[PDB]
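Taking it in order: structure first as structure tokens, then the write-up.
Using ideal geometry, Cβ is built from the backbone for each residue, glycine included, and neighbour counts are taken over all protein chains shown. All of this is worked out from the model, or read from it or from the source named; none is laboratory data.
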Amino acid sequence: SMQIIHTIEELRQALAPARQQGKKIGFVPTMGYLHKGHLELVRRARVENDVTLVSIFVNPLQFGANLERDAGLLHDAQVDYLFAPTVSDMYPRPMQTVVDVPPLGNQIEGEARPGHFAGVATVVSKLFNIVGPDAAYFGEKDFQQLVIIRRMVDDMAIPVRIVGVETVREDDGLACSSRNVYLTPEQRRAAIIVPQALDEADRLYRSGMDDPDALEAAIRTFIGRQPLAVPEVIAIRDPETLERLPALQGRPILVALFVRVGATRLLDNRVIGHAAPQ
Amino acid sequence: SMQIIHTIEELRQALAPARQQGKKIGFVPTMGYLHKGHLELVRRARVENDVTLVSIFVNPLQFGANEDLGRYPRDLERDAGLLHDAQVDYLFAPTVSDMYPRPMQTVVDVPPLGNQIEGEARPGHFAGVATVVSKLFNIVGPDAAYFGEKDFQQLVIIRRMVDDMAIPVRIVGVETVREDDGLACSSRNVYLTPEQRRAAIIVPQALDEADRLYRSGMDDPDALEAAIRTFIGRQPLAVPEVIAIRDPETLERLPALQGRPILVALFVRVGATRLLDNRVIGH
Amino acid sequence: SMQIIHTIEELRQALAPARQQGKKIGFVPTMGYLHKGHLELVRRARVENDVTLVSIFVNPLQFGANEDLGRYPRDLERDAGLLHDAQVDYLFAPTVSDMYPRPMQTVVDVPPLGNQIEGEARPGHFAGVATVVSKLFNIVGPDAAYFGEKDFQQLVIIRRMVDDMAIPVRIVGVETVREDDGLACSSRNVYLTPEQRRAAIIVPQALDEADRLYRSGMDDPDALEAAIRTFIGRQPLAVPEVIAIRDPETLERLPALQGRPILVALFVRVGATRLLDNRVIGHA
Amino acid sequence: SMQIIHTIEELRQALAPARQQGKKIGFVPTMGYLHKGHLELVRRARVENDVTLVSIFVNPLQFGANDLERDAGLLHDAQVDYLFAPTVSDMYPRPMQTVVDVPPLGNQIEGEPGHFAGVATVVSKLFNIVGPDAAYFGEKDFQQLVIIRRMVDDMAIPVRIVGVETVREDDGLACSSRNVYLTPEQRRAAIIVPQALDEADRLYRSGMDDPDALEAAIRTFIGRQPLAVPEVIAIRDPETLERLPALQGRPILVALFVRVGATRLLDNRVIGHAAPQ
Ligand SMILES: Nc1ncnc2c1ncn2[C@@H]1O[C@H](COP(=O)(O)OP(=O)(O)OP(=O)(O)O)[C@@H](O)[C@H]1O
Ligand SMILES: Nc1ncnc2c1ncn2[C@@H]1O[C@H](COP(=O)(O)OP(=O)(O)OP(=O)(O)O)[C@@H](O)[C@H]1O
Ligand SMILES: Nc1ncnc2c1ncn2[C@@H]1O[C@H](COP(=O)(O)OP(=O)(O)OP(=O)(O)O)[C@@H](O)[C@H]1O
């Protein structure tokens, strides 16, 4: 049976026998509201580790200053431990410590801002300290986050392997997300334009397109065919630095889409192309 | 039980004790989706060494910008089941992130051997191969590594690389393992429809043709080539991008054939699949 | 024989048997040029742990653009010799390339503690410290780590960082070790010329005086600061960069002194040497 | 006393029991003409390792296609365990067809194409031959070091690469086998080299923010000395060796190539250091 723990000290004691046995611990951090993508993270973790731990915590540090279902899904997925702390279990007094990766975090949505991704980097560093995992699994769906965590892990010599899992998609191609539920039936069928826009970006790249503005314009007009879909951001960037590119061909590129359908923000991304020998 | 390992650090730690105790490590690098031919490399490795390690990594460096990297077949679960049964000690199965945490700026290449034959059709290809293989050898530190003769240019290039760079590994070439009806086993064969799979028998027969032609006393590189390019023309589906007659050692073109081994190398596309096959003929 | 190691991967491989045997690992992080204070941290570590690891690394991140990184004292042969005598099991002595093989893009900071006091005179200094200390704890994975109370603010920050980030290390503060005339032991003391070294006794003397004034009942923080300033100014070779009278836990300014403990923190420049010393005076 | 070995198979036999015992092997590759500099490289290797091995080899792959006594002497005094002194035929029995290069790094400063392929290839071969735990190089040759570090990372070569601070003469001038060629007048003029780096240091400390301004200030400073002609003043990112958009708030490489009469003198300094983000 999956054990549910709430406190840091209870988690540490719960894992002490796995540590004594030299068991590999796989960790999937989440904010709950679990869907099939989360379950594929769990499935990867279980393939590669002896023990699998999922956290559910809605972290206030990644928002501004202002469950039985989930457990059931994790129970059926054969998870060994669910860590579900309250805010007070995680933060009994306010955090004064901040971890950030400013040069990556200030890209894309991170524009020119405070630590847009400080909350994420901080809470993930803390969760790694609590869990002591061997490997941690994240969706490629949240690409910027993943690049940031990798960098943080390398810089800080955190002894955890970071595994990026390919985006899991509903059967019409729409990226799995808990926000998909909000879409009206009409909006849901319009939403298919997002994954189709990525296929179009791939087609254009394979045909030789080399100017990032031309790719952005193509994608914008493509999505625009569906008037219920308004592209808020179409980011074409280096997948390593997340910076703008002077050209596209001969190198891999990240195409990140931020698209509003009705009131709902839909996100998707794909890395297109790959590196040649020097 | 076979241990599946995903990182360079973990793999070296796993192998460190055996290496200290002088145990022989045999290594079979692959791009996965394993077939009878891979399993023969693994058997050779198993009988010849104390410790057997197989790598499964679809190496992006050896795929061109418009080739089949996106659709290259992958099934690690299946691959792993086959390797457990084969009594493999270690499966190294890294993600791209584990093999190439940063974009590679270093390249290993053997331009004389690599720019011709398949490398005319696929520029950069063998630099990708030579690079990943040098890195794999550095990671694993094997005593012996096992490559199939079906990828004959590859094998010659790796032998030369290993020699030139004084890499302390014994390189072992293993005879092309063939399906029931003579076709060279290859993961990419799964792109072929039944019709194409029937049409692909051209390629092994074409090598049997140049076999007896050489045995008949033929002696002109180009007369051997044209006899091949028309013997394969008999099957319409085949769109040869390379028919090559070469010195099996230097891969350079010849003046005459008789009384010297020649290599016949066929890069023949049928449908969406670029089928490769080779034979060394004579002595 | 003490093992001397230079790379992260090498250190983790050297400590793996220890973890396999359930040994407790004591950790003392330093910037080298070791003094008696360092050696007391080591002695304290060895009492409580099976294996003791010292790091020596002059961390560029905790030096500002125009500080003394280039001249900070270094003598690894002398340090190694002292640690061998001290029965240390591991010395981790990386170069900058071994600690930072590529430029860091990550930072750890505790801004509400780190921007006060010494942090007012050295902007960013404590982000440098938090960052390297977090990395070293990841690299070493110790059961306990030992820090001098002489760097009082640093200790407060490291304890807070450890609690905040749930880092599973016990943090031990070690009482300040002093030279015979009361000067806090510090590797930078080697900068002091004879005349500066003689003048430097004004720092511990000023803390004595702070204590004296507090015992007499002085209750006004501004008055205490002003008295300490005048007392130090009697030594023309000493220039106070910070005289801070603070809450010892929050490091914030106080309204009154009596009936609670106060931190008196002095950062005082004598020539090219900025001396630091601290004392917690009174009680709750 | 120091063994001298010439062939690959001999070198491997020599090291095999040391390697079996987990002894740490420190390796110092050279082309001979040894000075105080090389001896520091060797001192470091000996402090950090149980067995020290120095190679002397004038690699043709570095050069265009068209005294072992004094050296081995100093190495015997320095207590080196092994000298590896192959002939061109011992290293390259047949001609090399394999090439290792790090083109993005190799195509900067001195490389503008293939310029550092010779060095990468020989260092890779040497590492394969010796199988060392650590290898020591002078920071004098910065570009080389940065390239070798990248190659080792990219190729997963299990060797620690250690950069050693440039050994310097009485007056600051960088130790070099090229120094012997200066006339005494030229040698007194040559101090302008490290003085130009000090001045580089000074201008950066004073807040100079533009790399062309710095280059022109350094050009002019070296002009003060007519026996000294500056061929190249490279102000670059020490990681990528590329030109910089600005100087302040980031470390900078200042690499000088200066002509003093006939002889080429090189020196460099990384100025500044990384602050927290
Ligand atoms: N029909 C076959 N018979 C024998 N060996 C084969 C056959 N097909 C492939 N092989 C060998 O199995 C090994 C793995 O081949 P695969 O196509 O999986 O990629 P790979 O080239 O081996 O990996 P890399 O190119 O990165 O070394 C190769 O050495 C290949 O020559
Ligand atoms: N006089 C002293 N008595 C007791 N401990 C001291 C004394 N002087 C320094 N220390 C302690 O020795 C340890 C090492 O100090 P050092 O000056 O070498 O830099 P550090 O602060 O230790 O290293 P880092 O800042 O990277 O943590 C510190 O914890 C410091 O507080
Ligand atoms: N003044 C110096 N201080 C420290 N090291 C130096 C100095 N001058 C040269 N060196 C170093 O000595 C080492 C070998 O020098 P040498 O020029 O003899 O061979 P090399 O060209 O480095 O060998 P290879 O390029 O084949 O590796 C190099 O790492 C070089 O940077």
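Tabulated values for the structure
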item: Pairs with Cβ under 6 Å, 6+ apart, first in the stretch A:136-155 and away from chain C (no Cβ under 14 Å) and surrounded by 24 or more Cβ atoms within 10 Å (Cβ to Cβ), second assigned to a helix (DSSP H, G or I) and not small (G, A, S); result: A:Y137/A:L41; A:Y137/A:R44
item: Residue check for A:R203: within 13 Å of chain B (Cβ to nearest Cβ) and either within 30 Å of B:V107 (Cα to Cα) or in contact with a strand residue (DSSP E or B) (Cβ under 9 Å, 6 or more places away or on another chain) (or both); result: yes
item: When residues of the stretch C:210-238 are limited to those that are farther than 20 Å from C:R269 by Cα and among the hydroxyl-bearing types (S, T, Y), the one farthest from the chain's Cα centre (by Cα); result: C:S216
item: Residue pairs meeting the criteria (Cβ under 8 Å; at least 6 apart or on separate chains; first at the interface with chain A (Cβ under 8 Å from one of its Cβ atoms), in the stretch B:65-82; second loosely packed, with under 15 Cβ neighbours inside 10 Å and assigned to a loop (DSSP other than H, G, I, E, B)); result: B:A65/A:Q249; B:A65/A:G250
item: Lone unmet requirement of (1) touching a strand residue (DSSP E or B) at 6+ places or on another chain (Cβ under 8 Å); (2) crowded, with 17+ Cβ neighbours inside 10 Å; (3) within 14 Å of chain B (Cβ to nearest Cβ) for A:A276; result: (1)
item: Total residues in the stretch C:185-202, condition buried (at least 17 other Cβ atoms within 10 Å of the Cβ) and part of a helix (DSSP H, G or I); result: 8
item: Filter pass, A:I130 being within 11 Å of chain C (Cβ to nearest Cβ) and part of a loop (DSSP other than H, G, I, E, B); result: no
item: Single residue of the stretch D:235-260 satisfying the filter (surrounded by fewer than 16 Cβ atoms within 10 Å (Cβ to Cβ) and of a type in the set (G, A, S)) that is nearest to the other protein chains (Cβ to nearest Cβ); result: D:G249
item: Residue among C:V88, C:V58 that is in a loop (DSSP other than H, G, I, E, B), surrounded by fewer than 22 Cβ atoms within 10 Å (Cβ to Cβ) and more than 9 Å from every other protein chain (Cβ to nearest Cβ); result: C:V58
item: Residue in the stretch C:47-65 that is nearest to ligand 2 (Cβ to nearest atom), counting only those that are under 18 Å from C:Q87 (Cβ atoms) and out of contact with any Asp or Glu (no Cβ under 9 Å at 6 or more places or on another chain); result: C:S55
item: Qualifying residues in the stretch D:157-170 (those that are touching a helix residue (DSSP H, G or I) at 6+ places or on another chain (Cβ under 6 Å) and either more than 8 Å from every other protein chain (Cβ to nearest Cβ) or surrounded by fewer than 18 Cβ atoms within 10 Å (Cβ to Cβ) (or both)) - the one nearest to B:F137 (Cα to Cα); result: D:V159
item: In the stretch B:133-168, the residues that are in a helix (DSSP H, G or I) and within 11 Å of ligand 1 (Cβ to nearest atom); result: B:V133, B:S134, B:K135, B:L136, B:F137, B:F152, B:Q153, B:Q154, B:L155, B:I157, B:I158
item: Given (1) of a type outside the set (D, E); (2) surrounded by 22 or more Cβ atoms within 10 Å (Cβ to Cβ); (3) within 12 Å of ligand 1 (Cβ to nearest atom), index of the condition B:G182 fails; result: (2)
item: Answer from A:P239, A:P246, A:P252 - the residue that is under 30 Å from D:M151 (Cα atoms) and either in the same structural domain as A:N106 (by CATH) or touching a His at 6+ places or on another chain (Cβ under 8 Å) (or both); result: A:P252
item: Residue list for the stretch A:210-237, restricted to those being farther than 15 Å from A:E109 by Cα and either part of a loop (DSSP other than H, G, I, E, B) or touching a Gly at 6+ places or on another chain (Cβ under 8 Å) (or both); result: A:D210, A:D211, A:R225, A:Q226, A:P227, A:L228
item: Enumeration of residues in the stretch D:167-189 that are within 22 Å of D:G261 (Cβ to Cβ) and within 11 Å of ligand 3 (Cβ to nearest atom); result: D:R168, D:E169, D:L173, D:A174, D:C175, D:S176, D:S177, D:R178, D:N179
item: Condition broken by C:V28, with the remaining ones in (1) among the aliphatic types (A, V, I, L, M); (2) part of a loop (DSSP other than H, G, I, E, B); (3) within 13 Å of ligand 2 (Cβ to nearest atom); (4) away from chain D (no Cβ under 13 Å) satisfied; result: (2)
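This table checks each residue for (1) under 26 Å from C:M161 (Cα atoms); (2) outside the structural domain of C:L266 (by CATH); (3) surrounded by fewer than 20 Cβ atoms within 10 Å (Cβ to Cβ); (4) within 16 Å of ligand 1 (Cβ to nearest atom).
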{"residue": "C:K24", "(1), (2), (3), (4)": "yes, yes, yes, no"}
{"residue": "C:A45", "(1), (2), (3), (4)": "yes, yes, no, no"}
{"residue": "C:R78", "(1), (2), (3), (4)": "no, yes, yes, no"}
{"residue": "C:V96", "(1), (2), (3), (4)": "yes, yes, yes, no"}
{"residue": "C:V107", "(1), (2), (3), (4)": "yes, yes, no, no"}
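Each row is one residue, and each column tells you yes or no for (1) of a type in the set (S, T, N, Q); (2) within 12 Å of ligand 2 (Cβ to nearest atom).
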position: C:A86; (1), (2): no, no
position: C:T95; (1), (2): yes, no
position: C:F126; (1), (2): no, yes
position: C:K150; (1), (2): no, yes
position: C:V156; (1), (2): no, yes
position: C:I167; (1), (2): no, no
